[PDB]
Amino acid sequence: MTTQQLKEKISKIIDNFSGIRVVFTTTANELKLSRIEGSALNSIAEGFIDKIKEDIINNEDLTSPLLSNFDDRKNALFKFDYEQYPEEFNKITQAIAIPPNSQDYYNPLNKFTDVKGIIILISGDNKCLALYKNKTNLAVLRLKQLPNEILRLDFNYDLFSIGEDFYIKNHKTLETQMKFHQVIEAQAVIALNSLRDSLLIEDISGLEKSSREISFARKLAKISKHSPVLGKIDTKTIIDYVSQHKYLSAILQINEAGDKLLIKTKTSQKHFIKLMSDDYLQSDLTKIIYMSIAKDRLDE
Amino acid sequence: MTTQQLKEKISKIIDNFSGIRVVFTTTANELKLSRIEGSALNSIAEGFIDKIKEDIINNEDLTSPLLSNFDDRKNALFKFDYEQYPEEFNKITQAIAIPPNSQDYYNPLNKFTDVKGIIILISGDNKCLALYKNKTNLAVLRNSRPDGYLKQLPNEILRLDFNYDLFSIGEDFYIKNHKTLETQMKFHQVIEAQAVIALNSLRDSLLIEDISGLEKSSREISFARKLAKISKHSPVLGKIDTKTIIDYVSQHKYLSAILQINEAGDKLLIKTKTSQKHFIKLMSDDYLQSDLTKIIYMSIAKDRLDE
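Residues numbered from 1 in each chain as written, not as in the entry; some residues may be left out. Chains lettered and ligands numbered in written order. Heavy atoms only, no water.

Summing up its helical and strand segments, chain A has nine helices and 13 strands in all. Taken along its principal axes, the extent of the C-alpha atoms in chain A is 75 × 40 × 40 Å. Burial analysis of chain A (300 residues in total) assigns 54% to the buried set. Side chains of chain A give 41 positive and 41 negative charges; the mean places of these two sets differ by 4 Å. (Helix = DSSP H or I, 4+ residues; strand = E, 2+ residues; numbered from the N terminus. Buried < 20%, exposed > 50% of the residue type's maximum accessible area, 1.4 Å probe, protein only. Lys, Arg positive; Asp, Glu negative; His and termini not counted. Charge placed at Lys NZ, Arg CZ, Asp CG, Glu CD.)

Below is the structure:
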């Protein structure tokens, strides 16, 4: 369900707007219903529709790839391609379908320390577009500070769900608030056994020590599910490419035998990770080598 | 002044922290000294590394390309390389240099509607890091009044924390959030003037037959920021002849279908937004093939290696 079909599906909801209503997921994993004043609930709907338009609709360079094929792209809304739904994904699913006559309302004596996340439900063309912002008290002034409880809606979303297909804006909320996306740590070490069974690296320990920092653990799961080099082109062709390469030879070294790579230092680990993401590309026009941070296939 | 040279210019100010001073800028373009509470000032100080280390120091995938070589990279600090300082750059330059004995303090009867931006001066190692932020319209400060509803009671409370917008480490400034620069500081005059230079150079290049579709997209700063990039950092315009690009597109496996050549053979056909966006990506050399896997790729964010 492509970038354009998203732009159709969202602008169907935005133009034939039917109703907004806000749900609190709490620490007890129950969806409690808000009591927002009308001109303040009109205050929520106007600015979200602009942010929805700014991020999706008339946004030209919107890019929707798979979450396992993560990289560092601005704008962009990542497709949830995994199968393990964190429980808050399913809480948003039940948040879509509270009946409108229900009275399980949020009691405001709880001082918004119960509020774990804020669910914005924007409905239109009979469907509903749910958005998610985690409870972020942040900081407000007046000079002194008195709230420490007062709710905050910064018109911003991390997670949103159109139908049965979830999309990702801020990747960090999907880990540090959602299960550390612990599939990633397991997907990183399935790749570490696959690098072990590739026998391309001599010592696998420095790669095993980068799997603690989650900034490398995403890059391992990228190569685990989406590599065009691991398991597809053989070991000796990779080594002969790196040796003949102009930039890659000075950093990655091959052992005395010539059959195993020497990836021990962090400077060599970052570049070898960018080797198995195929991020060392060349133009047929300018004949210049390049280092890709964000890229996409073309013949599909 | 590279990425690592930014990283240790910051962690020199960071690991020898001296004092944090908060300056409000007005709509009268006069700087105003805040009155931050002491336990608030420590909670406002927050470390700030808690944001700054995660953007700079501990951030391994930190990238510092020029602002004029814009692309869509996250965890990225765009080095300001233009000649023109928008007036808040010059107000941040004076924001560093208020003497600490000065009594030009901010009067809080203004209800924070004169407040246009928020300057976080973070000083250390006798230098000063300065952060910039805009006063946005309070987001929503919804509070209670059992039967309790919710309402934006004050509608004047200053809402501020991290997610900074603009640097001032030395004179080489950096941009994290670029929309702040183009809209609140009014930088989009300089991008659109640079983009019109690009349209006249393509007109002189004679690679396209009609240029009107590029000029209808030139108002949207999305195309103008890609036109201002190609005006200043393309490895194709003027360096290679127009015919060689045409035989390369005519030979191509993807570009041959979208971008066409006229019936004569010397001019490219760029009219619809599809053929504009793909020729824009052709122009900044974003179509690259692997020397290993031999798969053609379309790059969003890239970097040279030879330099």
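Looking now at the pattern of salt bridges. Overall, the coordinates contain 35 salt bridges over all chains when judged by the stated rule. Taking the shortest distance from any N to any O, the salt bridge between A:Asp284 and A:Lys287 comes out at 3.6 Å. Judged by relative accessible area, A:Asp284 falls into the partly exposed class, the value being 35%. Residue B:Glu87 is joined to B:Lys91 by a salt bridge in which the shortest nitrogen-to-oxygen separation is 2.4 Å. Here B:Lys91 and B:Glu87 lie together in helix α4 (residues 87-96), a separation of four residues that amounts to about one turn. Residue classification places B:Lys91 among the buried positions, given a relative accessible area of 2%. (Salt bridge = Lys/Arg side-chain N within 4 Å of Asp/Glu carboxyl O.)

Time to look at the interface of chain A and chain B. Taken together, the contact between chain A and chain B spans 67 residues of the former and 71 residues of the latter. Of the roughly 6500 Å² buried between chain A and chain B, counting both surfaces, carbon and sulfur atoms make up 62%. For A:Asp154, the salt bridge is made with B:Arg159, and the minimal N-O distance between the two is 3.2 Å. Seen at the junction of chain A and chain B, the total is 31 residue pairs in polar contact. For the side of chain A that touches chain B, the elements supplying multiple residues, two or more each, are α2 (38-57), β6 (140-141), β7 (151-152), α7 (214-225), α8 (235-244), β12 (280-282) and β13 (289-297) of chain A. No other element matches β13(A), which puts nine residues into the side of chain A that touches chain B. When its residues are assigned to classes, the side of chain A that touches chain B shows 32 nonpolar, 12 polar and 23 charged. (Contact = heavy atoms within 4.5 Å. Buried area = accessible area lost by both parts, 1.4 Å probe. Polar contact = N/O pair within 3.5 Å; in protein donor to acceptor, adjacent residues only side chain to side chain. Nonpolar A, V, L, I, M, F, W, Y, C, P; charged D, E, K, R; others polar.)

Residue and element names in this part refer to chain A. Examined against the element boundaries, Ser 34 turns out to sit in the loop between β2 (31-33) and α2. A distance of 2.6 Å separates the side chain of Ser 34 from the backbone oxygen of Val 22, its partner in a polar contact. For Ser 34, the residues in contact, after removing those within four places along its chain, are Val 22 and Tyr 105.

Another point: the packing of helix α8 (residues 221-233) of chain B against helix α11 (residues 273-283) of chain B. Residues and elements named next belong to chain B. It is at 10 Å that the axes of α8 and α11 come closest, and there the two elements cross at 30 degrees. By the criterion of interaxial angle, the relationship of α8 to α11 is roughly parallel. For the crossing formed where α8 meets α11, the hand is left-handed. For the pair α8 and α11, contact is made by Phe 223, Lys 226, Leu 227 and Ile 230 and by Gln 276, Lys 277, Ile 280 and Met 283, respectively. A class-by-class count of the residues in the contact of α8 with α11 yields five nonpolar, one polar and two charged. (Axes fitted to C-alpha atoms, helices over the stretch in contact; angles between N-to-C directions. Parallel < 35°, antiparallel > 145°, perpendicular 65-115°, else oblique. Left-handed = near helix turned anticlockwise from the far one by under 90°.)

The next point concerns the domain arrangement of chain A. All names here are of chain A. According to the domain assignment, chain A consists of domain 1 (3-181) and domain 2 (183-291). In this structure, domain 1 and domain 2 have C-alpha centres spaced 37 Å apart. At the interface, 12 residues of domain 1 touch 10 residues of domain 2. Together domain 1 and domain 2 conceal approximately 1100 Å² of surface at their shared face, both sides included; 54% is due to carbon and sulfur atoms. For the domain 1 face of the interface with domain 2, the top three residues by lost area are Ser 68, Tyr 82 and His 181, together amounting to 42%. Where domain 1 touches domain 2, the interface holds one salt bridge. (Domains from an automatic or database assignment.)

Turning next to the pairing of strand β8 (residues 159-162) of chain A. All names here are of chain A. Burial of β8 is two-sided: the residues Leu 159 and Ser 161 facing one way and the residues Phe 160 and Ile 162 facing the other way are all buried. As defined by bridge partners, strand β5 (residues 127-134) adjoins β8 across four bridges and the pair is classed as antiparallel. When the sheet's bridge partners are listed, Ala 130 is paired in β8 with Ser 161. Here β8 pairs with strand β9 (residues 165-168) via four bridges, running antiparallel. Bridge pairing in β9 places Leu 159 opposite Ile 168. (Pairing = 2+ DSSP bridges.)

On to the environment of B:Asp286. All names here are of chain B. Looking at the element boundaries, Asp 286 is found in the loop between α11 and β12 (287-290). For the pair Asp 286 and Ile 300, spaced 14 residues apart in sequence, the C-alpha to C-alpha distance is 7.1 Å. Beyond its immediate chain neighbours, meaning those up to four positions away, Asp 286 contacts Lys 229, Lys 281, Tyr 297, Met 298, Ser 299 and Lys 302. Engagement of the side chain of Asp 286 in a polar contact is seen with the side chain of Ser 284, the distance being 3.0 Å.

Attention now goes to the side chain of A:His171. Relative to the elements of secondary structure, A:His171 occurs in the loop between β9 and α4 (173-177). Residue class for A:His171 comes out buried when judged on its relative accessible area of 8%. Once residues lying within four places of it in the same chain are set aside, the contact partners of A:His171 are A:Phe70, A:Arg218 and B:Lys74.

The tally for this structure, following the rule as stated, stands at 28 aromatic pairs over all chains. Relative to A:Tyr85, the ring of A:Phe80 has its centre 5.8 Å away and its plane inclined at 80 degrees; by these criteria the two rings are edge-to-face. Accessibility expressed as a relative area gives 8% for A:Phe80, which makes it buried. Centroid distance B:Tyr85 to B:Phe173: 5.4 Å. Interplanar angle 35 degrees. Geometry classified as tilted. A residue is classified by how much of its surface remains accessible, and B:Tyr85, at 36% relative accessible area, is partly exposed. (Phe/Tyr/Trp six-rings, centres within 6.5 Å; stacked < 30°, edge-to-face > 60°.)

Moving on, we get to the sheet that holds strand β4 (residues 117-124) of chain B. All names here are of chain B. Within the open sheet, the four strands sit side by side as β2-β1-β4-β5. Their pairing is antiparallel. On the outer flanks of this sheet lie β2 (31-33) and β5 (127-134), each paired with one strand and no other. Strand after strand, the sheet turns through a mean of 30 degrees between neighbouring axes, direction not considered.

Positive phi outside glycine occurs at A:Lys111, with the angle close to 65 degrees. The phi dihedral of A:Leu199 falls on the positive side, at around 55 degrees, and the residue is not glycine.

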